[PDB]
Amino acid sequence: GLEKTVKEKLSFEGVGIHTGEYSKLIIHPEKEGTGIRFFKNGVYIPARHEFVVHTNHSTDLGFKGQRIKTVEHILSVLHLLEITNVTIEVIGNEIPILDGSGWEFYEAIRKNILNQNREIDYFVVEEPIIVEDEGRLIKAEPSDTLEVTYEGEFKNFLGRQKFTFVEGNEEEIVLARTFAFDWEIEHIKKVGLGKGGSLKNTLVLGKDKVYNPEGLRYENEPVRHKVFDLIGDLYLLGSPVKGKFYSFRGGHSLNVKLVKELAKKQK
């Protein structure tokens, strides 16, 4: 496809899932060739792997002492819509979690797409590659389209699950919420994560139940969300991606490890 930006400024506001702090986003149009970058306190922070500064339960970006937490969801939506040139101005310390999924971002941005002149410079996976970490694995291989599978194993009623995204089916993942398990709640709070979490923005799972009043959106919503996360982390390659991906129990750390190896292999 062709490069894209937004037709006009868009803003989003709300609590961040981990900080519990209120923040605001303003998405600014940019011309062809600009790329995706964040902006905070006078500092531009490109949405690229070189600027990743944390990968524990979220992907955080930083530069010159300016940090932005949890970029993976907004990046995933921008990757799926192939928005290639914007500046995401951030006031605060974290991207708002909103409903827990990509939906509100997706809905608003989809309505405001502006086509540009330049052909997208896709990052094309050119040969098989695999990264591993003690029973976690991500592999990639060449493909003309973006296809992403995540397979997980959960110590509850979900059991082993997997989902495959194929180009054109973004509605099957953009509403999958971020999630947490009830037995991990005490820990994540002790280490200061999930301070903004609630049943209004997080799928909370138990041994044989879901805490949320509305329950699961899909029987395999958590692995759908993991696919959504991986597509967000893949956009740290610096442009939309063409390849077939399989992640077994991968997290943001392994996701970014894959991106870094792909970048290193290309050069």
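Each form is matched to the other, and the largest set of C-alpha atoms that superpose within 1.5 Å is called the rigid core. One rule holds for the numbers: they count along the sequence shown, beginning at 1.
Between stretches 71-79 and 151-159, the one whose Cα atoms sit farther from the displayed model in 6 other deposited structures of this protein on average is 151-159 (core-aligned, root mean square). Displacement analysis by core superposition in 6 other deposited structures of this protein ranks 207-215 above the other of 207-215 and 25-33 in root-mean-square C-alpha distance from the shown form. Per the PDB record, of the two stretches 225-233 and 197-205, 197-205 carries the greater mean B-factor over its C-alpha atoms. The deposited model assigns a higher average Cα B-factor to 28-36 than to the other stretch when 49-57 and 28-36 are compared.
Residue set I188, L146, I95, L80: peak C-alpha B-factor at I188 (per PDB entry). Highest CA B-factor among the listed residues (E72, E127, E104, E151): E127. When all modelled residues of the chain are sorted by CA temperature factor, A176 is found within the lowest third.
Remark: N169 belongs to the middle third of its chain, ranked by C-alpha B-factor as recorded. The entry lists a Cα temperature factor for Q161 that places it in the middle third of the chain's modelled residues.
Per the deposited record, the Cα B-factor of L10 falls in the highest third when ranked against the other modelled residues of its chain. Ranked by Cα temperature factor within the chain, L216 sits in the lowest third according to the deposited record.
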